[PDB]
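**Q** Hey, dropping coords25.pdb in here, PDB, C-alpha atoms:
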```pdb
MODEL        1
ATOM      1  CA  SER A1856      -6.570 -25.710  18.541
ATOM      2  CA  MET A1857      -4.833 -26.308  21.870
ATOM      3  CA  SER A1858      -1.624 -28.331  21.259
ATOM      4  CA  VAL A1859      -2.751 -28.937  17.555
ATOM      5  CA  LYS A1860      -0.865 -26.767  15.039
ATOM      6  CA  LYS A1861      -0.778 -26.558  11.235
ATOM      7  CA  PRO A1862       2.789 -26.751   9.838
ATOM      8  CA  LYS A1863       4.930 -23.519  10.217
ATOM      9  CA  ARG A1864       4.945 -21.398   6.934
ATOM     10  CA  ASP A1865       8.447 -19.738   6.919
ATOM     11  CA  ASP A1866       7.860 -16.002   7.543
ATOM     12  CA  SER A1867      11.485 -15.032   8.334
ATOM     13  CA  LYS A1868      12.062 -13.231   5.025
ATOM     14  CA  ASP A1869       8.702 -11.410   4.972
ATOM     15  CA  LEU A1870      10.146  -8.055   6.245
ATOM     16  CA  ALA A1871      12.864  -8.012   3.572
ATOM     17  CA  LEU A1872      10.525  -9.006   0.847
ATOM     18  CA  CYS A1873       7.825  -6.374   1.799
ATOM     19  CA  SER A1874      10.668  -3.772   1.868
ATOM     20  CA  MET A1875      11.686  -4.793  -1.697
ATOM     21  CA  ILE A1876       8.162  -4.594  -2.976
ATOM     22  CA  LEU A1877       7.733  -1.155  -1.338
ATOM     23  CA  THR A1878      11.003   0.024  -3.035
ATOM     24  CA  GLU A1879       9.667  -1.045  -6.368
ATOM     25  CA  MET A1880       6.383   0.842  -5.727
ATOM     26  CA  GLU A1881       8.347   3.933  -4.532
ATOM     27  CA  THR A1882      10.358   4.020  -7.789
ATOM     28  CA  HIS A1883       7.467   3.435 -10.223
ATOM     29  CA  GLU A1884       6.915   6.489 -12.443
ATOM     30  CA  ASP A1885       3.234   6.601 -11.494
ATOM     31  CA  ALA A1886       3.951   6.611  -7.702
ATOM     32  CA  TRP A1887       4.002  10.466  -7.495
ATOM     33  CA  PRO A1888       0.419  10.880  -6.109
ATOM     34  CA  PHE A1889       1.240   8.370  -3.306
ATOM     35  CA  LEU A1890       4.753   9.264  -2.102
ATOM     36  CA  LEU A1891       3.695  11.652   0.702
ATOM     37  CA  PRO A1892       0.576  12.187   2.776
ATOM     38  CA  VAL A1893      -2.130  14.288   1.109
ATOM     39  CA  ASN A1894      -1.920  17.799   2.572
ATOM     40  CA  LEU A1895      -5.124  18.006   4.661
ATOM     41  CA  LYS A1896      -4.837  21.798   4.964
ATOM     42  CA  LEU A1897      -4.611  22.299   1.221
ATOM     43  CA  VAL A1898      -6.946  19.683  -0.307
ATOM     44  CA  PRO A1899     -10.602  20.474   0.298
ATOM     45  CA  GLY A1900     -12.755  17.534   1.223
ATOM     46  CA  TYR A1901      -9.889  15.096   2.013
ATOM     47  CA  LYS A1902      -9.932  15.223   5.722
ATOM     48  CA  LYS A1903     -13.685  14.637   6.068
ATOM     49  CA  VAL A1904     -14.120  12.122   3.346
ATOM     50  CA  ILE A1905     -11.031   9.879   3.759
ATOM     51  CA  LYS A1906     -11.275   8.367   7.197
ATOM     52  CA  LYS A1907      -7.908   6.571   7.103
ATOM     53  CA  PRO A1908      -5.295   8.415   4.952
ATOM     54  CA  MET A1909      -2.330   6.307   3.884
ATOM     55  CA  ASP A1910       0.717   6.892   1.642
ATOM     56  CA  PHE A1911       3.992   5.113   0.783
ATOM     57  CA  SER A1912       6.149   7.243   3.143
ATOM     58  CA  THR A1913       3.889   6.360   6.074
ATOM     59  CA  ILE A1914       3.986   2.655   5.153
ATOM     60  CA  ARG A1915       7.809   2.903   4.888
ATOM     61  CA  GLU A1916       8.086   4.422   8.375
ATOM     62  CA  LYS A1917       5.681   1.794   9.827
ATOM     63  CA  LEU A1918       7.686  -0.995   8.137
ATOM     64  CA  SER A1919      11.010   0.378   9.448
ATOM     65  CA  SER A1920       9.773   0.693  13.072
ATOM     66  CA  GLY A1921       8.028  -2.710  13.629
ATOM     67  CA  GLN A1922       4.528  -1.484  13.325
ATOM     68  CA  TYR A1923       3.333  -4.316  10.953
ATOM     69  CA  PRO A1924       2.696  -7.519  12.939
ATOM     70  CA  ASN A1925       2.576  -9.605   9.772
ATOM     71  CA  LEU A1926       2.681  -9.396   5.949
ATOM     72  CA  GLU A1927      -1.185  -9.186   5.743
ATOM     73  CA  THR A1928      -1.361  -5.932   7.763
ATOM     74  CA  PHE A1929       1.286  -4.539   5.324
ATOM     75  CA  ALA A1930      -0.854  -5.499   2.262
ATOM     76  CA  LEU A1931      -3.918  -3.904   3.932
ATOM     77  CA  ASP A1932      -2.171  -0.484   4.154
ATOM     78  CA  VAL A1933      -0.889  -0.678   0.568
ATOM     79  CA  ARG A1934      -4.495  -1.490  -0.662
ATOM     80  CA  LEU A1935      -5.810   1.360   1.557
ATOM     81  CA  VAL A1936      -3.634   3.739  -0.536
ATOM     82  CA  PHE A1937      -5.462   2.632  -3.698
ATOM     83  CA  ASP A1938      -8.894   2.371  -2.150
ATOM     84  CA  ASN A1939      -8.571   5.934  -0.912
ATOM     85  CA  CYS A1940      -7.403   7.054  -4.356
ATOM     86  CA  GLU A1941     -10.494   5.476  -6.028
ATOM     87  CA  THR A1942     -12.772   7.105  -3.399
ATOM     88  CA  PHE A1943     -11.525  10.612  -4.108
ATOM     89  CA  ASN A1944     -10.413  10.617  -7.754
ATOM     90  CA  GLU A1945     -12.214  10.062 -11.035
ATOM     91  CA  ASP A1946     -11.079   6.916 -12.972
ATOM     92  CA  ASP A1947     -10.453   9.201 -16.010
ATOM     93  CA  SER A1948      -7.921  11.568 -14.283
ATOM     94  CA  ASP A1949      -4.181  11.297 -14.159
ATOM     95  CA  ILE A1950      -4.272  10.385 -10.429
ATOM     96  CA  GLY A1951      -7.182   7.951 -10.889
ATOM     97  CA  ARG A1952      -5.318   6.100 -13.648
ATOM     98  CA  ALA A1953      -2.102   6.168 -11.614
ATOM     99  CA  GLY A1954      -3.909   4.399  -8.775
ATOM    100  CA  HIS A1955      -5.306   1.692 -10.996
ATOM    101  CA  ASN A1956      -1.869   1.106 -12.572
ATOM    102  CA  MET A1957      -0.144   0.940  -9.180
ATOM    103  CA  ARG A1958      -2.692  -1.432  -7.684
ATOM    104  CA  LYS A1959      -2.194  -3.749 -10.653
ATOM    105  CA  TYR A1960       1.563  -3.523 -10.293
ATOM    106  CA  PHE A1961       1.389  -4.276  -6.544
ATOM    107  CA  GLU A1962      -0.956  -7.225  -6.789
ATOM    108  CA  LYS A1963       1.259  -8.978  -9.322
ATOM    109  CA  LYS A1964       4.403  -8.513  -7.152
ATOM    110  CA  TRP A1965       2.375  -9.724  -4.168
ATOM    111  CA  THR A1966       1.213 -12.950  -5.899
ATOM    112  CA  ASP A1967       4.602 -13.626  -7.452
ATOM    113  CA  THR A1968       6.491 -13.138  -4.201
ATOM    114  CA  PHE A1969       4.196 -14.913  -1.658
ATOM    115  CA  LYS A1970       1.548 -17.083  -3.527
TER     116      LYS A1970
ENDMDL
END
```
Would you write out, as structure tokens, the structure that this file holds?
**A**
Amino acid sequence: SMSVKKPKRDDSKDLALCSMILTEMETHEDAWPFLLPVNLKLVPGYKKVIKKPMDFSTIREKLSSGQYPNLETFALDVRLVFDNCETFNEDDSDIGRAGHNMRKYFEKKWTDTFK
């Protein structure tokens, strides 16, 4: 509260570390469904159903231009990628499985790096 602060958790490396994690996700063999925004002109249903589209290129641009205020808003957009994927894709499809694999991969890097 006013003039009463918890000790300062060092956040000065967060940008570098989120960038490293994102590189690792970009270079995963199962990243291909997530590298670019879904083409809303060419994929029936996507625009109406998926209220907040998100992809790794869009997260990379946001990260590079100071549009994440903290590491939690970064994790929210990564999870949005996989939450959208589960919304639109069957679990037993190549893309559905890719999204599960990537989410697992992310969450381990996240825990190991920050928790």
**Q** So what does the PyMOL selection byres ((chain A and resi 1879) around 12) actually pick up in this one, as a PDB file with C-alpha atoms, in the frame of the given file?
**A**
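The file below, out-v1.pdb, is the result:
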```
ATOM      1  CA  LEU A1872      10.525  -9.006   0.847  1.00  0.00           C
ATOM      2  CA  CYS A1873       7.825  -6.374   1.799  1.00  0.00           C
ATOM      3  CA  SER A1874      10.668  -3.772   1.868  1.00  0.00           C
ATOM      4  CA  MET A1875      11.686  -4.793  -1.697  1.00  0.00           C
ATOM      5  CA  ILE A1876       8.162  -4.594  -2.976  1.00  0.00           C
ATOM      6  CA  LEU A1877       7.733  -1.155  -1.338  1.00  0.00           C
ATOM      7  CA  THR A1878      11.003   0.024  -3.035  1.00  0.00           C
ATOM      8  CA  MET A1880       6.383   0.842  -5.727  1.00  0.00           C
ATOM      9  CA  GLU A1881       8.347   3.933  -4.532  1.00  0.00           C
ATOM     10  CA  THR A1882      10.358   4.020  -7.789  1.00  0.00           C
ATOM     11  CA  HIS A1883       7.467   3.435 -10.223  1.00  0.00           C
ATOM     12  CA  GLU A1884       6.915   6.489 -12.443  1.00  0.00           C
ATOM     13  CA  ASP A1885       3.234   6.601 -11.494  1.00  0.00           C
ATOM     14  CA  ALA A1886       3.951   6.611  -7.702  1.00  0.00           C
ATOM     15  CA  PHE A1911       3.992   5.113   0.783  1.00  0.00           C
ATOM     16  CA  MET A1957      -0.144   0.940  -9.180  1.00  0.00           C
ATOM     17  CA  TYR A1960       1.563  -3.523 -10.293  1.00  0.00           C
ATOM     18  CA  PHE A1961       1.389  -4.276  -6.544  1.00  0.00           C
ATOM     19  CA  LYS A1963       1.259  -8.978  -9.322  1.00  0.00           C
ATOM     20  CA  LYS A1964       4.403  -8.513  -7.152  1.00  0.00           C
ATOM     21  CA  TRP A1965       2.375  -9.724  -4.168  1.00  0.00           C
TER      22      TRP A1965
END
```
**Q** Can you measure atom CA of residue 1944 of chain A to atom CA of residue 1909 of chain A for me? One decimal in Å is fine.
**A**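 Computing it gives 14.8 Å between the two atoms.
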**Q** May I have the residues within 12 Å of segment 1893-1906 of chain A as number ranges by chain, using only C-alpha atoms and disregarding those fewer than 4 positions away in the same chain?
**A** A: 1887-1889, 1910-1913, 1935-1944
**Q** Looking at only C-alpha atoms, which of A:1968, A:1856, A:1919, A:1952 is the one that sits closest to residue 1869 of chain A?
**A** A:1968
**Q** Report the distance between atom CA of residue 1859 of chain A and atom CA of residue 1924 of chain A in Å, rounded to one decimal place.
**A** 22.6 Å
**Q** Box for segment 1915-1920 of chain A: with edges along x, y and z, all listed atoms inside and 5 Å added on each side, what are the centre and edge lengths in Å to one decimal, as AutoDock Vina command-line options?
**A**
```
--center_x 8.3 --center_y 1.7 --center_z 9.0 --size_x 15.3 --size_y 15.4 --size_z 18.2
```
**Q** Quote the spacing between atom CA of residue 1922 of chain A and atom CA of residue 1861 of chain A in Å to one decimal place.
**A**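 Computing the Euclidean distance for atom CA of residue 1922 of chain A and atom CA of residue 1861 of chain A yields 25.7 Å.
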